[PDB]
Amino acid sequence: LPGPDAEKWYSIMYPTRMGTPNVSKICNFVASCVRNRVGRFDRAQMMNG
Amino acid sequence: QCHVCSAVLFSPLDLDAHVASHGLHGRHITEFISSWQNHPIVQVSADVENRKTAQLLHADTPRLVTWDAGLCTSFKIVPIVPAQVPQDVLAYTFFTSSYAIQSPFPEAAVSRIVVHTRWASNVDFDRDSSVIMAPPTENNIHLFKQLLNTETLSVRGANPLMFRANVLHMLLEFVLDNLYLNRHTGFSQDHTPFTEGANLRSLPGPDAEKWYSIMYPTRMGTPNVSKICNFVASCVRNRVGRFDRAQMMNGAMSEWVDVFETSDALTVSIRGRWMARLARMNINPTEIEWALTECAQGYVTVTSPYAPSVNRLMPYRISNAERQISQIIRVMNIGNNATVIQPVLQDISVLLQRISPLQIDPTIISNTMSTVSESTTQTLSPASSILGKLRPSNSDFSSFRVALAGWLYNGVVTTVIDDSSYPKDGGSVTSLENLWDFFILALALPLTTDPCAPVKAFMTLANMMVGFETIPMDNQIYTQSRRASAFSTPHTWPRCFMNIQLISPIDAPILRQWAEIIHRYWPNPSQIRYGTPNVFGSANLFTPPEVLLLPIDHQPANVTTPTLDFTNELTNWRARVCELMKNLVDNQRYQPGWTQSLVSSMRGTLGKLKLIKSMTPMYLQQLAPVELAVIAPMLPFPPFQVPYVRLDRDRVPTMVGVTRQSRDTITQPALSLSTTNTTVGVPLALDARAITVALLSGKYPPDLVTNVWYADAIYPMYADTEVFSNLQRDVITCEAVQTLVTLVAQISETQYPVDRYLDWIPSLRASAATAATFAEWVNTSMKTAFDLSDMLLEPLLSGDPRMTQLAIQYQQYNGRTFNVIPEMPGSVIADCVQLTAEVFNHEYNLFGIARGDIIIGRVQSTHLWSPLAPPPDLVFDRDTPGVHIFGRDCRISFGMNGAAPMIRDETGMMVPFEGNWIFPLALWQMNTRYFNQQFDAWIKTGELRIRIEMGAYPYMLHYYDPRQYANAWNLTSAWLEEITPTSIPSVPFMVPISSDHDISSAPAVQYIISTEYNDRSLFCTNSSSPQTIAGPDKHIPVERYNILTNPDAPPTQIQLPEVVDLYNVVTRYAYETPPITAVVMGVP
Amino acid sequence: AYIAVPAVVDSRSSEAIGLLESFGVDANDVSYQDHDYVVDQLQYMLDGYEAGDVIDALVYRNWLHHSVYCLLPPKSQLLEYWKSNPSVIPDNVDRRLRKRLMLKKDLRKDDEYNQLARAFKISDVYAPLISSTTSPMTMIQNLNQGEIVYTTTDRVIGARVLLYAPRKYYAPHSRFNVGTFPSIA
Ligand SMILES: [Zn+2]
């Protein structure tokens, strides 16, 4: 997503992308979820280019 | 002077330079000489410093025939930690002289094989794609970070998700560096007491004794007791030097020989395949003169003399299928860019003017109508109106010859008559000016390649007659007064046009007659033969491979036809249009307000205009299709035609698209760029004015002889042909298409199954942005290898290059389509990449890749076992009892009040920091700088032993003295601190140095060991001593030198996928490549 | 690319002002157009016509299709200039009318010239032609076609006006372009 400062939105925008080091509550939540539900999963490509 | 091709050359002492081109033993691309004039034409390459009135070829031809005089090997053996020993007998004494002992292998303590392709080579025009590997002490990681980790967190490593793409691309470069032909060279018989009577080859250079020890291992005798002197004593003696030779010669040098020298079985297999591909391609000058006779339409013959020789190799014959694939790529190059087709059509429009005998002189109209003046009293006058509208002072007739050139290229471009050549805002037949505008329009309409030109011709008069006579329509919204410019598509043709009986003559008699004249006398399409089958191929599709269909009936060409011939189609058309116009004017039913009676003047200036002398309708049916069919094979973008119809909206093409995916797969519909046009191609506008005056005024020269004019016009444009280069370009184009569709399918997921050799190297299922930059990186490697600065393989990159097979189709109006799927022949570079991938599957070690995985764990021992070949005690797997497998959700809880901190395995249980574990490498890459905090104090001191499963990894060695103390922690921890999430550095190993005498035992600390056997790269240890006592022991690999040590082995036999062989049997050639000569003889 | 800013932009002066960092844009490839004359041309344009026709005509004009006007003396000085020293008469002319113009010392007594001159129109030779009764929409719509437009009057809006006769008869892009009128075409 565009903007002047965009390298910190991804941690906010994808919770399941984070690694899981600890038994902190965030890391107990994140590692107890489904992995293949991140990013794109459907598009409609009607023309080349 | 030459008595073979009748060439006139002035000095009788450089005649050998000319008659070497005829195959006679005593630079240019082609050399033609005429038969009636002293004017030869020479065509030379495009990088020159001057020209001797010589023409050029602006064709990006590839370099197919490149020569190699050096060794045909790519592996080399380097010394590493060298040593010297005291020896016995030091030199050979003959009488007084002493000859030192040269060795075929480096006398070192350790020696192992690395890869530096073309390391003994003397080519011209290097391919500029090498695979250079340092010895494994140095860092070989710059090869694997080559493309795809352009953004990387750490510049001191390599991305493990891109290992497959990088290894596969350097297999491609390893193939592309071996596309040469071996060169015959001079020999030298010796009489040394170990190579007695053999004919050893001498490399081209000042020295010859230097390379003999490297090439021929048995020449060094057995002076003392060594591993090398044991191997050579085990070898045989008869097979050395030249095996046999050819029978045909030129003097004393035979044509082809075969030698027994240090080489690679893989490299000679690749060069044998590249030899066979060029051998399946050549042609003789008998077929050259056949093709250039047949292509010239019989107006000129051609002959090309030559001496009988097997040395000829002129690679020009390609299959018919590859021209079609190159045609599809050249169509996809356009992409609705108006820029890339304007110098295609304007250029042929100039060339047809330069060839054509027709001189369009518009003063014929002014000479017929200068005598027609009018009285001084009345205002409006038809003869002055037509001249003010035609304007014969303007002399720019480019709109005529662009229309003549556009007949070859419907489908990529369609020509229409421009707006503001129609009547302004209606037209209203009461007006004087719009009648002449209708005439100039309707006479010029039959030459556009527009499928709706008859409906435009009908609806123009239907617009002009609004209010006087009415026709029925269908839907009450497309009224009769809808502009004829809008009728551009087949779904706008009305019912009243397609059925004449709805137009009632009691209401619309002139509309009835105008529809009937269009349905009878509109010109009929036809087709004409051209080019050559069986030479030059045929680059067209949707048509038969030899016919050229064009919308005019053509006739056999003579000269003395009558001018007023109404069997001629266009003259019939002009006569019918003038007859309906003087039927329109005759009654004055349509023009009130004319205060005079202009019927006499109008009918007179139509009668003087109908029977005008004009050789253009004779020309367009007799000599213009001949001139199209002559220059049609010589074009750089060969014609691409879609079939012509008339008055039939069931076979009218509406849409041309290029299908990229396969046939039995259902994917996203990725329609090409070319399908988004209203008409069938790019719309091109033309002026009807300068088409009409070019029809009305045209004459021949008054001494026109066709057998002189065409035999003189054909010669300088065949003398600058480039079809012979455009044939060679298309092999490379089809091979690049096949190389992309194999090598992208290796890493992505698709439905193109080819044999899937390497899978143990890890990667990721690449999406479009990854596969496209990988394919661009294939493209820019192949253009570098073949010296191609023009476009190649680039239209297959805008979008999704995850592709299977090229195809192209159009649809007609009623819904049916026509699908042309060009089948593929065998491709050489693609299956040679497949072959070297099969070789790499067994010889991963020699390129610096290690297979398997590593085990990080402390080993405190004084043993000597070289941690690339571990004993089975230290390794463990998922079958070993008591081994914890860790999945992704590994979580660490710290211990409280003196408890041990624990970690979660895959099955949920918490285990202490102890024992035998199995990570995947993704866990350490996720949680580096965190696992690095807790695990190091347990690995370094405690009893934690971790197996990082990874499949493939680069490695570098660090040899140490095994009689001193050695700690591997400063290397192991430095490897562990640098594993960033996007990259990993090469795995450092600490392996000992073998020795000759027995040594002192010192303690050694090791942390990183391998799992499986991991040095097939190791060649020999201590290759000067009698034996290796302590350390790793490795003799000379006898299976790589197969044909010496094996008695019951034929010389041809190799084992290709299992282990590559050194000292193979390579055949060397020495060819000619004469330029294409031809004597062009005119025909009476 | 063509963006529009709310200020008068000339190529030679607003670069010296800068004029784009003044709106707050940090910034070659930015080529300035000269929209100095169109504002005065608009001010002369507004006093005759209404507002909405003039504005809604000027809105539909791209500023990359480069073109120009042409202004000619009305009818009498138009035929008089062809009578004069240049024989620069176009090929659209009547065959009899150019023949009567190539002679010497024409006057009112010539019936054969005057009869044809009183039925001669400028719209016969020059097309497309802006007359004073044309809407402002069709001026710009005809201007976006063919790189030169013949007029009769001064009161036009759009590109630069250049003249056809001497006054004795009258009464370069880049990638990023800025301007002061938003285009829609
Ligand atoms: Zn000769």
# chains A, B, ... in the order shown; residues from 1 in each chain; ligands from 1
$ residues_around --residues "residue 120 (chain C)" --least-positions-apart "5" --cutoff "12 Å" --atoms "only C-alpha atoms" --output "mmCIF file with N, CA and C atoms, in the first residue's frame"
data_model
loop_
_atom_site.group_PDB
_atom_site.id
_atom_site.type_symbol
_atom_site.label_atom_id
_atom_site.label_comp_id
_atom_site.auth_asym_id
_atom_site.auth_seq_id
_atom_site.Cartn_x
_atom_site.Cartn_y
_atom_site.Cartn_z
ATOM 1 N N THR B 379 -23.177 29.987 -63.110
ATOM 2 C CA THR B 379 -22.260 29.864 -61.975
ATOM 3 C C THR B 379 -21.556 28.511 -61.928
ATOM 4 N N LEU B 380 -22.323 27.441 -61.734
ATOM 5 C CA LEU B 380 -21.782 26.180 -61.244
ATOM 6 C C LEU B 380 -21.505 25.205 -62.382
ATOM 7 N N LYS C 75 -13.177 38.690 -47.299
ATOM 8 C CA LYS C 75 -13.385 38.218 -48.664
ATOM 9 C C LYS C 75 -12.730 39.112 -49.707
ATOM 10 N N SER C 76 -12.878 40.425 -49.534
ATOM 11 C CA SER C 76 -12.428 41.359 -50.555
ATOM 12 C C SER C 76 -10.916 41.477 -50.537
ATOM 13 N N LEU C 78 -9.109 39.207 -49.264
ATOM 14 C CA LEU C 78 -8.654 37.862 -49.593
ATOM 15 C C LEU C 78 -8.455 37.706 -51.094
ATOM 16 N N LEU C 79 -9.434 38.135 -51.896
ATOM 17 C CA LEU C 79 -9.236 38.098 -53.342
ATOM 18 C C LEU C 79 -8.207 39.124 -53.804
ATOM 19 N N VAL C 93 -8.811 26.182 -55.734
ATOM 20 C CA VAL C 93 -9.481 27.330 -56.314
ATOM 21 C C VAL C 93 -10.233 26.915 -57.579
ATOM 22 N N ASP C 94 -11.164 27.765 -57.998
ATOM 23 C CA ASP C 94 -11.866 27.544 -59.248
ATOM 24 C C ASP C 94 -10.934 27.795 -60.429
ATOM 25 N N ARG C 96 -11.675 28.805 -63.416
ATOM 26 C CA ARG C 96 -11.930 30.095 -64.040
ATOM 27 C C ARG C 96 -11.498 31.258 -63.162
ATOM 28 N N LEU C 97 -11.605 31.115 -61.842
ATOM 29 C CA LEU C 97 -11.299 32.230 -60.958
ATOM 30 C C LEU C 97 -9.800 32.487 -60.883
ATOM 31 N N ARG C 98 -8.978 31.432 -60.874
ATOM 32 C CA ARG C 98 -7.538 31.675 -60.922
ATOM 33 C C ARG C 98 -7.114 32.233 -62.275
ATOM 34 N N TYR C 113 -15.353 38.388 -64.089
ATOM 35 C CA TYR C 113 -14.747 38.161 -62.783
ATOM 36 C C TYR C 113 -15.756 38.358 -61.666
ATOM 37 N N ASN C 114 -16.519 39.449 -61.737
ATOM 38 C CA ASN C 114 -17.403 39.846 -60.655
ATOM 39 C C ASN C 114 -18.546 38.862 -60.468
ATOM 40 N N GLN C 115 -19.040 38.281 -61.568
ATOM 41 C CA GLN C 115 -20.126 37.308 -61.502
ATOM 42 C C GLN C 115 -19.708 36.061 -60.734
ATOM 43 N N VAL C 125 -12.931 26.737 -50.507
ATOM 44 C CA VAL C 125 -11.504 26.441 -50.569
ATOM 45 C C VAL C 125 -11.005 25.856 -49.257
ATOM 46 N N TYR C 126 -11.249 26.537 -48.145
ATOM 47 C CA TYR C 126 -10.681 26.159 -46.860
ATOM 48 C C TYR C 126 -11.698 25.372 -46.048
#
$ residues_around --residues "residue 104 (chain C)" --least-positions-apart "6" --cutoff "12 Å" --atoms "only C-alpha atoms" --output "VMD selection string"
chain C and resid 83 to 85 110
$ write_last_selection --atoms "N, CA, C and O atoms" --output "PDB file, in the first residue's frame"
ATOM      1  N   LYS C  83      -4.807  38.694 -55.986  1.00  0.00           N
ATOM      2  CA  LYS C  83      -4.548  39.580 -57.116  1.00  0.00           C
ATOM      3  C   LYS C  83      -3.138  40.160 -57.066  1.00  0.00           C
ATOM      4  O   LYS C  83      -2.537  40.427 -58.113  1.00  0.00           O
ATOM      5  N   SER C  84      -2.575  40.300 -55.870  1.00  0.00           N
ATOM      6  CA  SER C  84      -1.343  41.046 -55.653  1.00  0.00           C
ATOM      7  C   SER C  84      -0.117  40.225 -56.060  1.00  0.00           C
ATOM      8  O   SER C  84      -0.214  39.232 -56.787  1.00  0.00           O
ATOM      9  N   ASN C  85       1.054  40.686 -55.598  1.00  0.00           N
ATOM     10  CA  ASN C  85       2.350  40.140 -56.010  1.00  0.00           C
ATOM     11  C   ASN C  85       2.522  38.627 -55.813  1.00  0.00           C
ATOM     12  O   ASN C  85       3.032  37.985 -56.748  1.00  0.00           O
ATOM     13  N   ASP C 110     -15.161  44.355 -65.423  1.00  0.00           N
ATOM     14  CA  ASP C 110     -15.081  42.929 -65.722  1.00  0.00           C
ATOM     15  C   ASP C 110     -16.297  42.234 -65.122  1.00  0.00           C
ATOM     16  O   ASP C 110     -16.373  42.004 -63.914  1.00  0.00           O
TER      17      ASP C 110
END
$ closest_atom_pairs --of "chain B" --to "ligand 1" --cutoff "12 Å" --atoms "only C-alpha atoms and all ligand atoms" --output "CSV"
residue,atom,partner,partner_atom_place_in_ligand_line,distance
B:1,CA,ligand 1,1 (Zn),8.2
B:2,CA,ligand 1,1 (Zn),5.0
B:3,CA,ligand 1,1 (Zn),6.8
B:4,CA,ligand 1,1 (Zn),5.1
B:5,CA,ligand 1,1 (Zn),4.5
B:6,CA,ligand 1,1 (Zn),6.4
B:7,CA,ligand 1,1 (Zn),5.6
B:8,CA,ligand 1,1 (Zn),8.7
B:9,CA,ligand 1,1 (Zn),9.4
B:14,CA,ligand 1,1 (Zn),11.6
B:15,CA,ligand 1,1 (Zn),8.2
B:16,CA,ligand 1,1 (Zn),9.0
B:17,CA,ligand 1,1 (Zn),9.1
B:18,CA,ligand 1,1 (Zn),5.5
B:19,CA,ligand 1,1 (Zn),4.8
B:20,CA,ligand 1,1 (Zn),8.1
B:21,CA,ligand 1,1 (Zn),7.0
B:22,CA,ligand 1,1 (Zn),6.2
B:23,CA,ligand 1,1 (Zn),9.6
B:24,CA,ligand 1,1 (Zn),9.4
B:31,CA,ligand 1,1 (Zn),9.8
B:32,CA,ligand 1,1 (Zn),10.3
B:33,CA,ligand 1,1 (Zn),9.6
B:40,CA,ligand 1,1 (Zn),11.7
B:304,CA,ligand 1,1 (Zn),10.0
B:305,CA,ligand 1,1 (Zn),8.6
B:306,CA,ligand 1,1 (Zn),9.3
B:307,CA,ligand 1,1 (Zn),11.2
B:1074,CA,ligand 1,1 (Zn),11.8
B:1075,CA,ligand 1,1 (Zn),11.6
B:1076,CA,ligand 1,1 (Zn),11.7
B:1077,CA,ligand 1,1 (Zn),8.7
B:1078,CA,ligand 1,1 (Zn),9.8
B:1079,CA,ligand 1,1 (Zn),9.7
$ write_last_selection --atoms "N, CA, C and O atoms" --output "short mmCIF file (atom, residue, chain, number, x, y, z; two decimals), in the first residue's frame"
data_model
loop_
_atom_site.label_atom_id
_atom_site.label_comp_id
_atom_site.auth_asym_id
_atom_site.auth_seq_id
_atom_site.Cartn_x
_atom_site.Cartn_y
_atom_site.Cartn_z
N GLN B 1 41.51 -13.64 -65.61
CA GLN B 1 40.14 -13.54 -65.13
C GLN B 1 39.52 -14.92 -64.95
O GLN B 1 40.01 -15.91 -65.50
N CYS B 2 38.45 -14.98 -64.17
CA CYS B 2 37.83 -16.25 -63.82
C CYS B 2 37.05 -16.82 -65.00
O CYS B 2 36.29 -16.10 -65.65
N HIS B 3 37.25 -18.10 -65.28
CA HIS B 3 36.52 -18.78 -66.34
C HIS B 3 35.41 -19.66 -65.79
O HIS B 3 34.88 -20.51 -66.52
N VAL B 4 35.04 -19.49 -64.53
CA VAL B 4 34.00 -20.29 -63.90
C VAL B 4 32.72 -19.48 -63.72
O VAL B 4 31.65 -19.89 -64.16
N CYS B 5 32.82 -18.32 -63.07
CA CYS B 5 31.69 -17.42 -62.91
C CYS B 5 31.83 -16.16 -63.75
O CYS B 5 31.07 -15.21 -63.55
N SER B 6 32.80 -16.14 -64.67
CA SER B 6 33.09 -15.02 -65.58
C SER B 6 33.37 -13.72 -64.83
O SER B 6 33.03 -12.63 -65.31
N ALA B 7 33.98 -13.80 -63.65
CA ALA B 7 34.28 -12.60 -62.88
C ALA B 7 35.52 -11.93 -63.46
O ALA B 7 36.52 -12.59 -63.74
N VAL B 8 35.44 -10.62 -63.64
CA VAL B 8 36.56 -9.84 -64.17
C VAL B 8 37.34 -9.29 -62.99
O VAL B 8 36.85 -8.42 -62.27
N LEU B 9 38.55 -9.79 -62.80
CA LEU B 9 39.45 -9.27 -61.79
C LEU B 9 40.78 -8.93 -62.45
O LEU B 9 41.23 -9.64 -63.35
N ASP B 14 46.01 -12.55 -57.56
CA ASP B 14 45.11 -12.84 -56.45
C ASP B 14 43.83 -13.52 -56.92
O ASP B 14 42.76 -13.35 -56.33
N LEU B 15 43.94 -14.31 -57.99
CA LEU B 15 42.79 -15.04 -58.51
C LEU B 15 42.40 -16.20 -57.61
O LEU B 15 41.25 -16.65 -57.66
N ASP B 16 43.34 -16.69 -56.80
CA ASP B 16 43.03 -17.73 -55.83
C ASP B 16 42.06 -17.25 -54.76
O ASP B 16 41.24 -18.04 -54.29
N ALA B 17 42.11 -15.96 -54.42
CA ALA B 17 41.19 -15.40 -53.44
C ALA B 17 39.75 -15.42 -53.95
O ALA B 17 38.82 -15.50 -53.15
N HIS B 18 39.56 -15.35 -55.27
CA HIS B 18 38.22 -15.48 -55.81
C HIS B 18 37.82 -16.94 -56.00
O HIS B 18 36.72 -17.33 -55.60
N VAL B 19 38.70 -17.76 -56.60
CA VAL B 19 38.30 -19.13 -56.91
C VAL B 19 38.36 -20.06 -55.72
O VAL B 19 38.04 -21.25 -55.86
N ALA B 20 38.77 -19.58 -54.54
CA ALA B 20 38.54 -20.35 -53.33
C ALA B 20 37.06 -20.38 -52.97
O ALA B 20 36.62 -21.32 -52.29
N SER B 21 36.29 -19.39 -53.41
CA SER B 21 34.86 -19.34 -53.16
C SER B 21 34.07 -20.28 -54.05
O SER B 21 32.88 -20.48 -53.80
N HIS B 22 34.68 -20.85 -55.08
CA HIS B 22 34.03 -21.86 -55.91
C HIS B 22 34.41 -23.27 -55.51
O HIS B 22 34.06 -24.22 -56.21
N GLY B 23 35.12 -23.43 -54.40
CA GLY B 23 35.54 -24.74 -53.96
C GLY B 23 36.81 -25.24 -54.59
O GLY B 23 37.02 -26.45 -54.67
N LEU B 24 37.67 -24.34 -55.06
CA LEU B 24 38.91 -24.71 -55.72
C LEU B 24 40.07 -24.20 -54.89
O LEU B 24 40.15 -23.00 -54.60
N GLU B 31 28.02 -13.02 -53.06
CA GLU B 31 28.67 -12.41 -54.21
C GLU B 31 27.89 -12.79 -55.45
O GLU B 31 27.97 -13.94 -55.90
N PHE B 32 27.15 -11.85 -56.02
CA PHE B 32 26.46 -12.12 -57.28
C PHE B 32 27.17 -11.37 -58.39
O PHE B 32 27.80 -10.33 -58.16
N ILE B 33 27.06 -11.90 -59.60
CA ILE B 33 27.54 -11.20 -60.78
C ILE B 33 26.50 -11.35 -61.88
O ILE B 33 25.88 -12.41 -62.03
N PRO B 40 29.34 -6.18 -60.63
CA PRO B 40 29.08 -7.15 -59.57
C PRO B 40 28.67 -6.44 -58.29
O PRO B 40 28.97 -5.26 -58.08
N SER B 304 24.85 -21.36 -60.19
CA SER B 304 25.88 -21.23 -59.17
C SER B 304 26.84 -22.39 -59.32
O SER B 304 26.56 -23.50 -58.84
N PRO B 305 27.98 -22.19 -59.98
CA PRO B 305 28.92 -23.29 -60.18
C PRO B 305 29.71 -23.60 -58.92
O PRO B 305 29.97 -22.72 -58.10
N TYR B 306 30.09 -24.87 -58.79
CA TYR B 306 30.89 -25.31 -57.65
C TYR B 306 31.59 -26.61 -57.99
O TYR B 306 31.09 -27.41 -58.78
N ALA B 307 32.73 -26.81 -57.37
CA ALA B 307 33.50 -28.04 -57.46
C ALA B 307 32.97 -29.05 -56.45
O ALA B 307 32.41 -28.67 -55.42
N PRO B 1074 32.04 -21.29 -47.74
CA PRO B 1074 32.14 -20.35 -48.84
C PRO B 1074 30.95 -19.40 -48.84
O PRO B 1074 29.86 -19.76 -48.38
N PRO B 1075 31.13 -18.18 -49.33
CA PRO B 1075 29.99 -17.28 -49.47
C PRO B 1075 29.08 -17.73 -50.60
O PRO B 1075 29.49 -18.47 -51.50
N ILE B 1076 27.84 -17.28 -50.54
CA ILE B 1076 26.82 -17.71 -51.49
C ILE B 1076 27.06 -16.98 -52.81
O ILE B 1076 26.84 -15.78 -52.91
N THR B 1077 27.51 -17.72 -53.82
CA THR B 1077 27.73 -17.16 -55.14
C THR B 1077 26.62 -17.58 -56.08
O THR B 1077 25.98 -18.62 -55.89
N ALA B 1078 26.40 -16.75 -57.10
CA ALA B 1078 25.38 -17.00 -58.10
C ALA B 1078 25.64 -16.14 -59.31
O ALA B 1078 25.89 -14.94 -59.18
N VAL B 1079 25.57 -16.75 -60.49
CA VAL B 1079 25.57 -16.02 -61.75
C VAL B 1079 24.12 -15.88 -62.18
O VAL B 1079 23.42 -16.89 -62.34
#
$ interface_residues --of "chain B" --to "chain C" --cutoff "10 Å" --atoms "only C-alpha atoms" --output "list in words"
residues 370, 373, 374, 375, 376, 377, 378, 379, 380, 381, 383, 384, 385, 387, 388, 389, 390, 391, 392, 393, 394, 420 and 433 of chain B
$ residues_around --residues "region 61-78 of chain B" --least-positions-apart "3" --cutoff "6 Å" --atoms "only C-alpha atoms" --output "PDB file with C-alpha atoms, in the first residue's frame"
ATOM      1  CA  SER B 111      44.197 -32.257  -4.999  1.00  0.00           C
ATOM      2  CA  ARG B 112      40.557 -31.999  -6.007  1.00  0.00           C
ATOM      3  CA  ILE B 113      38.502 -31.236  -9.094  1.00  0.00           C
ATOM      4  CA  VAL B 114      36.990 -27.808  -9.691  1.00  0.00           C
ATOM      5  CA  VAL B 115      35.115 -26.410 -12.697  1.00  0.00           C
ATOM      6  CA  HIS B 116      36.565 -23.719 -14.973  1.00  0.00           C
ATOM      7  CA  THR B 117      34.970 -24.272 -18.371  1.00  0.00           C
ATOM      8  CA  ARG B 118      37.114 -23.350 -21.387  1.00  0.00           C
ATOM      9  CA  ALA B 120      42.408 -24.788 -22.310  1.00  0.00           C
ATOM     10  CA  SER B 121      40.789 -23.132 -25.297  1.00  0.00           C
ATOM     11  CA  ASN B 122      41.781 -21.157 -28.378  1.00  0.00           C
ATOM     12  CA  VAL B 123      38.451 -20.071 -29.829  1.00  0.00           C
ATOM     13  CA  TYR B 180      31.754 -24.813 -30.456  1.00  0.00           C
ATOM     14  CA  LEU B 181      33.177 -27.024 -33.170  1.00  0.00           C
ATOM     15  CA  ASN B 182      36.520 -28.723 -32.707  1.00  0.00           C
ATOM     16  CA  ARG B 183      39.290 -27.649 -35.060  1.00  0.00           C
ATOM     17  CA  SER B 263      38.658 -34.283 -22.244  1.00  0.00           C
ATOM     18  CA  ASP B 264      35.157 -34.444 -20.778  1.00  0.00           C
ATOM     19  CA  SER B 725      20.267 -14.855 -42.370  1.00  0.00           C
ATOM     20  CA  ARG B 729      17.723 -16.578 -36.864  1.00  0.00           C
ATOM     21  CA  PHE B 786      24.665 -15.728 -29.787  1.00  0.00           C
ATOM     22  CA  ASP B 787      25.515 -11.997 -30.345  1.00  0.00           C
TER      23      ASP B 787
END
$ residues_around --residues "residue 679 (chain B)" --least-positions-apart "3" --cutoff "9 Å" --atoms "only C-alpha atoms" --output "list in words"
residues 411, 413, 414, 450, 488, 489, 653, 654, 655, 676, 682 and 683 of chain B
$ interface_residues --of "chain A" --to "chain B" --cutoff "10 Å" --atoms "only C-alpha atoms" --output "CSV table (one decimal) with N, CA and C atoms, in the first residue's frame"
chain,number,residue,atom,x,y,z
A,18,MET,N,4.1,-13.2,11.5
A,18,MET,CA,5.1,-13.1,12.5
A,18,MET,C,5.6,-14.5,12.9
A,19,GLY,N,6.9,-14.5,13.2
A,19,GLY,CA,7.5,-15.7,13.8
A,19,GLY,C,7.1,-15.9,15.2
A,20,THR,N,7.3,-17.1,15.7
A,20,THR,CA,6.8,-17.5,17.0
A,20,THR,C,8.0,-18.0,17.9
A,21,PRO,N,8.6,-17.1,18.6
A,21,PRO,CA,9.7,-17.5,19.6
A,21,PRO,C,9.2,-17.9,20.9
A,22,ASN,N,8.2,-17.3,21.5
A,22,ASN,CA,8.0,-17.3,22.9
A,22,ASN,C,6.6,-18.0,23.3
A,23,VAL,N,6.3,-18.0,24.6
A,23,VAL,CA,5.0,-18.4,25.1
A,23,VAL,C,4.4,-17.1,25.6
A,24,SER,N,4.7,-16.0,25.0
A,24,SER,CA,4.0,-14.8,25.3
A,24,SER,C,2.6,-15.0,24.6
A,27,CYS,N,2.4,-14.7,20.9
A,27,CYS,CA,2.9,-15.9,20.2
A,27,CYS,C,2.1,-17.2,20.5
A,28,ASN,N,1.3,-17.2,21.6
A,28,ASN,CA,0.4,-18.3,21.8
A,28,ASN,C,-0.8,-18.2,20.9
A,30,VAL,N,-0.7,-16.6,17.7
A,30,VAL,CA,-0.4,-16.6,16.3
A,30,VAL,C,-0.1,-18.0,15.9
A,31,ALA,N,0.6,-18.8,16.7
A,31,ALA,CA,1.0,-20.2,16.4
A,31,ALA,C,-0.2,-21.1,16.5
A,32,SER,N,-1.4,-20.7,16.9
A,32,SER,CA,-2.6,-21.5,17.0
A,32,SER,C,-3.6,-21.2,16.0
A,43,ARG,N,-7.8,-14.0,-8.1
A,43,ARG,CA,-7.7,-12.8,-9.0
A,43,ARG,C,-8.5,-13.1,-10.2
A,44,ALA,N,-8.8,-12.1,-11.0
A,44,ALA,CA,-9.4,-12.2,-12.3
A,44,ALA,C,-8.5,-11.6,-13.3
A,45,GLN,N,-7.8,-12.4,-14.1
A,45,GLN,CA,-6.9,-11.9,-15.1
A,45,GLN,C,-7.6,-12.1,-16.4
A,46,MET,N,-8.0,-10.9,-17.0
A,46,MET,CA,-8.8,-11.0,-18.2
A,46,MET,C,-8.0,-10.7,-19.5
A,47,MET,N,-6.9,-10.0,-19.3
A,47,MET,CA,-6.0,-9.7,-20.5
A,47,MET,C,-4.6,-9.8,-20.2
A,48,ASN,N,-3.8,-10.0,-21.2
A,48,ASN,CA,-2.3,-10.1,-21.1
A,48,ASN,C,-1.8,-8.6,-20.9
A,49,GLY,N,-1.1,-8.4,-19.8
A,49,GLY,CA,-0.5,-7.1,-19.6
A,49,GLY,C,-1.4,-6.0,-19.3
$ residues_around --residues "residue 168 (chain B)" --least-positions-apart "3" --cutoff "8 Å" --atoms "only C-alpha atoms" --output "ChimeraX atom specification"
/B:164-165,171-172,743,837
$ write_last_selection --atoms "C-alpha atoms" --output "compact mmCIF listing (two decimals), in the first residue's frame"
# COMPACT_ATOMS: atom_id res chain seq x y z
CA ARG B 164 17.11 -24.20 -7.87
CA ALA B 165 16.91 -21.22 -10.23
CA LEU B 171 23.69 -25.40 -15.93
CA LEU B 172 22.33 -23.35 -18.84
CA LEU B 743 13.25 -24.08 -17.69
CA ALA B 837 20.99 -31.91 -15.19
